[PDB]
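Just so it is clear: chains get the letters A, B, ... in the order the sequence lines come, proteins before strands, and each one is counted from 1.
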Amino acid sequence: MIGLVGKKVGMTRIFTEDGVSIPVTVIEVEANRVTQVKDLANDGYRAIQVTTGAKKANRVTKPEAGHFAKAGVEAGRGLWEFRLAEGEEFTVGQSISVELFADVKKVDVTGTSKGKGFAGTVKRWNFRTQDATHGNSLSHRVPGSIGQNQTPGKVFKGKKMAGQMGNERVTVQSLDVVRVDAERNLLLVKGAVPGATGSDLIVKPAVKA
Amino acid sequence: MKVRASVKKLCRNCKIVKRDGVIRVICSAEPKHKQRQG
Amino acid sequence: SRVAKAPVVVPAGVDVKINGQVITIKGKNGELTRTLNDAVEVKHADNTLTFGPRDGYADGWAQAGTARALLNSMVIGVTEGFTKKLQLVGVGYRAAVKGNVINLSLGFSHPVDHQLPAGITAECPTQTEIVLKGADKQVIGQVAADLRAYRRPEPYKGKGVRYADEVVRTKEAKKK
Amino acid sequence: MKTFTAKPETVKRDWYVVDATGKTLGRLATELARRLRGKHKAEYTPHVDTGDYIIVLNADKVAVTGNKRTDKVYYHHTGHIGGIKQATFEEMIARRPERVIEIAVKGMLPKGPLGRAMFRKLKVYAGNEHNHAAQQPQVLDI
RNA sequence: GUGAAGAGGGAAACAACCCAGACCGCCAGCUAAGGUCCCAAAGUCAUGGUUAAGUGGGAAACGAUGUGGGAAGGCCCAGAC
RNA sequence: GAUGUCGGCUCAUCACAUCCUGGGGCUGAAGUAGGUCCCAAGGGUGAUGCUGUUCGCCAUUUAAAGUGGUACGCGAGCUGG
RNA sequence: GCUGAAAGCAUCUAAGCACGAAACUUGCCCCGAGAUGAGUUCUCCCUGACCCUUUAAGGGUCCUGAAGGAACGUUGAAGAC
């Protein structure tokens with residue numbers, strides 16, 4: 001079933017009457033406007049393309065402006081597609097807002113995790129460090145061996161090594177929906193979601209449930 | 001089931017059958033007479 | 001081969017359709033049909049059918065015998081059908097038919113419900129008997145086997161679903 | 001005098017459409033390969049592609065003898081150490097029916113850039129509808 | 001006997017195995033061992049059989065109503081299995 | 001005219017003759033728990049006292065604490081008992 | 001296991017039809033059209049003259065310079081560059 005695009009506002013807590021503190025992520029879900037509808041006849045698959053937010057009129061290019069003008073919607077900060085289930089049907093220019101999640105109870109949140117930059121093996125793959133003392137010679141956080149010997153004679157593909165960590169697409173599944181707040185355009189989910197404050201999140205009803 | 005290189009009729013109620021390229025002995029009187037060759 | 005030598009007698013009220021390989025039988029019990037092997041002659045004659053091999057088909061006699069047996073079972077199918085009887089042995093074991101579904105209480109923590117296929121009907125005279133009726137011999141045998149598989153007769157008291165005409169052959173543990 | 005050599009800029013190639021339903025896989029792939037390479041032309045030259053374009057229809061109806069429909073296995077390795085993957089002939093026909101014909105013919109074609117250029121002229125389809133009516137392919141019986 | 005101190009062709013590759021001993025040139029022909037569906041030159045050759053495991057294309061004692069050929073015995077229309 | 005050795009550490013990867021979990025046949029299988037064989041390599045598969053030890057013996061765990069190959073895997077990665 | 005002959009019977013198998021495991025293919029997550037087999041969809045931009053010969057997917061001059069991009073600057077929960 002289709003999802004929505006919001007932004008990570010931050011984290012807080014919700015106190016319940018029986019004395020439980022729920023950590024929540026606050027997701028601001030403004031209305032998403034349908035910009036294009038794909039169908040089997042023309043595109044080969046069924047999907048809707050949406051936009052949300054706002055963009056500076058002098059910062060939106062002529063091709064994007066023309067694409068928005070065909071749908072008759074104001075420019076947003078991006079475009080996202082959601083695949084369409086069999087029963088679902090939408091029309092170009094229609095607004096979809098946060099009460100879509102009114103009775104969902106579990107969501108799948110996708111965002112871009114924070115970038116850690118170039119990371120060593122100890123941090124990136126939880127490699128164990130070698131001895132801090134007892135003779136160790138300049139080899140305290142180094143990876144150790146990386147292969148066997150003549151018989152393979154190479155390093156195997158997929159070897160765990162140091163490199164870029166984070167700053168990639170991550171999904172967290174089956175988060176409790178704590179509060180759907182229609183007139184505030186707020187979605188409150190329980191737990192942490194990928195990304196930094198102010199980043200874009202895609203929220204979808206949980207597929208595993 | 002006995003899995004053996006040499007399967008044989010252990011009594012008179014035992015029957016040698018070939019099921020999908022496997023010589024098997026199915027007895028109708030004693031369950032511990034079941035054999036497959038392999 | 002030789003089983004195939006004996007023709008199958010068509011009684012009155014049952015008629016035969018032959019389309020080369022696919023043959024259909026009609027009767028008071030319903031529609032039975034199958035496609036025979038590519039290596040068997042079937043020929044309707046005076047109230048009988050006869051079976052024989054083609055040419056250039058090795059082991060056409062074995063297929064002829066198989067086809068003869070299947071057709072003979074079809075004939076007894078559309079007339080008076082076939083019946084299978086099951087017995088439930090063991091304390092608390094019970095059965096009941098609700099239309100197309102048999103409900104079995106076989107000592108599990110969950111109910112057991114079996115969905116009968118198209119041409120099979122069931123009825124329980126008592127709560128520990130099951131009687132199946134149908135035209136297809138293979139299908140009724142398959143249904144009886146499926147019912148038996150839920151709780152196979154165990155060899156120490158004979159408890160479980162079993163065919164009415166079945167010998168269980170229990171045993172003792174060590175002594176006493 | 002020197003023997004004739006085909007000139008790549010003056011070779012004339014025709015379009016043929018073959019129907020694969022019921023044909024034995026290898027015995028069809030052999031004829032396909034020899035006509036893709038050009039060995040049927042008297043102008044055959046080993047270093048220039050003088051073959052024809054072939055359209056193959058009904059790739060999922062190709063036939064194998066014996067027990068190969070469930071016993072012929074297609075191996076390939078992904079490049080990772082886990083690596084080795086396999087699919088039977090039935091599984092390949094169910095997933096990508098075109099590739100059984102494609103890899104049979106590719107195995108029967110010469111190796112190197114010319115062999116790949118030759119393979120480029122084979123067009124395999126699962127149905128019996130192709131998109132190359134503008135090329136006016138002639139019917140070929142194999 | 002060959003290699004060593006011998007190239008060429010075959011055995012996928014493969015001193016020492018099979019065929020065969022390179023004076024030089026030829027965009028001529030016949031053969032050897034090995035081959036003749038495609039990679040890859042030449043039989044999708046002809047006739048008669050066998051095999052159904054991809055046997056062919058790795059492995060023994062031993063095991064089995066897997067089939068094809070002999071060769072001879074029983075039991076049987078007074079009725080055999 | 002040099003292919004660094006046992007053990008530890010770090011990092012592994014494959015085989016299956018399977019230690020655990022999964023499926024099944026037989027049992028001298030009532031149940032619980034076992035014995036034995038067949039299928040199965042997806043994942044998992046201890047911390048210590050002693051000793052340079054691998055191993056082993058002990059002490060406590062664990063669903064289990066598998067067997068092997070990889071220059072007795074790994075010193076242009078560490079140690080150097 | 002069902003039905004079932006070869007082999008009047010038996011037989012899960014030869015024809016035919018059911019079940020059946022963490023293994024296999026999917027289902028879940030991520031990369032992914034340099035998939036040279038380089039795919040698809042939507043939107044935006046540019047519709048002026050002349051000259052030469054070697055004649056053609058030819059060159060050269062004048063006018064023109066779009067949509068976009070880059071560069072520079074202020075920077076970032078992006079980053080070795």
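- Taking 3.5 Å as the limit, the base of E:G54 and the side chain of D:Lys68 contain a donor-acceptor pair of atoms between them.
- In textbook terms, a nucleotide whose glycosidic angle is within 90° of 0 is syn, while E:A71, being further out, is anti.
- If you take atom P in E:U47 and the same atom in E:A59, they sit 34 Å apart, rounded to whole Å.
- The cationic group of A:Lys38 does not satisfy the cation-pi geometry with A:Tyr45, failing either the under 6.0 Å distance to the six-membered ring centre or the 45° limit from the ring axis.
- Base orientation of E:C14: syn (glycosidic angle within 90° of 0).
- Taking atom CZ of residue A:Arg128 and atom P of nucleotide F:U79, one finds them 20 Å apart after rounding to whole Å.
- The same atom, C1', is picked in E:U36 and in E:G21; the two are 29 Å apart, to the nearest Å.
- Put simply, the side chain of C:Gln142 and the base of G:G1 share a donor and an acceptor less than 3.5 Å apart.
- Here the separation of G:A23 from F:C26, taken at their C1' atoms, is 25 Å to the nearest Å.
- Note on D:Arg37: a side-chain N or O is less than 4.0 Å away from OP1 or OP2 of E:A40.
- You'll find a donor-acceptor pair under 3.5 Å spanning the side chain of C:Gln138 and the base of G:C2, going by distance alone.
- Evaluation of atom-type donor-acceptor distances gives a pair under 3.5 Å for the side chain of D:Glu102 against the base of G:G37.
- Pair assignment for E:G49 gives none, since no Watson-Crick or G-U wobble pairing has each distance under 3.5 Å.
- Residue A:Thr171 has a polar side-chain atom (N or O) positioned under 4.0 Å from OP1 or OP2 of G:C30.
- The NZ atom of D:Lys2 sits 12 Å away from the P atom of E:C26 (whole-angstrom rounding).
- Near RNA chain E, defined here as any heavy-atom distance below 4.0 Å, there are no residues from residues 167-176 of chain C.
- Donor-acceptor pairing under 3.5 Å, judged by distance alone, is absent between the side chain of A:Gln164 and the base of G:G79.
- For the P atom pair drawn from F:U61 and F:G43, the interatomic distance equals 31 Å after rounding to whole Å.
- Within the nucleic acid shown, A:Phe68 has no heavy atom closer than 4.0 Å to any nucleic acid atom.
- Residue contacts for C:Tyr156: at a heavy-atom cut-off of 4.0 Å it reaches a base atom on one of the strands shown.
- Among D:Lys121, D:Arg37, D:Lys41, the one residue that satisfies the salt bridge (charged side-chain N to carboxylate O under 4.0 Å, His left out) test with D:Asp49 is D:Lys121.
- Using the sign of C1'-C2'-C3'-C4' as the criterion, G:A35 is classed as south-puckered.
- Side-chain atoms of C:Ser1 stay outside donor-acceptor range of the base of G:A5, with no qualifying N/O pair under 3.5 Å.
- When both pairing distances are held under 3.5 Å, F:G68 makes a Watson-Crick or G-U pair with F:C14.
- The base of E:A64 has none of its N or O atoms less than 3.5 Å from a complementary donor or acceptor on the side chain of B:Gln37.
- In this structure, D:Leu109 places its CG atom 13 Å from P of E:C38, rounding to the nearest Å.
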Item to check | Canonical and wobble pairing (Watson-Crick, G-U, under 3.5 Å) of RNA chain G, dot-bracket with | | outcome: ((.....|.......))..............................((.(((..).)).))...................

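- Closest to the side chain of C:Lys137, out of G:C42, F:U70, G:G4, is G:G4.
- With a 3.5 Å ceiling on both atom-pair distances, E:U36 lacks any Watson-Crick or G-U wobble partner.
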